[PDB]
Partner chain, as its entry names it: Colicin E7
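Below you will find one chain, with nothing else, as structure tokens; this is the form deposited without the partner chain, and questions on how it binds or moves follow later.
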């Protein structure tokens, strides 16, 4: 868990997404909830966790599909995006 979106590279962010995918089949919810809270906090995208559970039909339902959407929304709104690397 890093403090902001600008601390993540795109690949470090899809690793966070994979951690969320793993905790989706965890026995309990405890870690999943903090991961999902964190995702909502740092991305600040209006759709929140719908990015994961309810992807746009126009958009690729994959971790790199989610990365693309966040990158584009943040760019349109003049906010800092991902770290390059």
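Rigid core here is just the name for the largest C-alpha set that superposes within 1.5 Å across the two forms. Positions refer to the first chain, counted from 1.
ask   = Say the other structures are aligned on the rigid core; which stretch then has the higher CA RMS in 6 other deposited structures of this protein, 32-40 or 51-59?
value = Looking at 51-59 and 32-40 in 6 other deposited structures of this protein, the bigger mover is 51-59.
message = Using the rigid core for superposition, please say which stretch has the greater CA deviation in 6 other deposited structures of this protein, 8-16 or 21-29.
response = This comes out as 21-29, the stretch further from the shown form in 6 other deposited structures of this protein.
ask   = Looking only at CA atoms, which has the higher mean B factor in the entry: 70-78 or 57-65?
value = Averaged over C-alpha atoms, the B-factors run higher in 57-65.
ask   = Which third of the chain does residue 49 land in by C-alpha B-factor: lowest, middle or highest?
value = For residue 49, whose C-alpha B-factor we compare with every modelled residue in the chain, the answer is the lowest third.
ask   = In terms of the chain's CA B-factor thirds, is residue 42 lowest, middle or highest?
value = For residue 42, whose C-alpha B-factor we compare with every modelled residue in the chain, the answer is the highest third.
ask   = Once the chain's modelled residues are ordered by C-alpha B factor and cut into thirds, is residue 25 in the lowest, middle or highest one?
value = Top third by C-alpha B-factor.
Below: the form deposited with the partner chain bound, not depicted.
inquiry  = At 4.5 Å between heavy atoms, is residue 42 in contact with the partner chain in the deposited complex?
reply    = Close contact is absent here: in the deposited complex, residue 42 is far from the partner chain, nothing within 4.5 Å, heavy atoms only.
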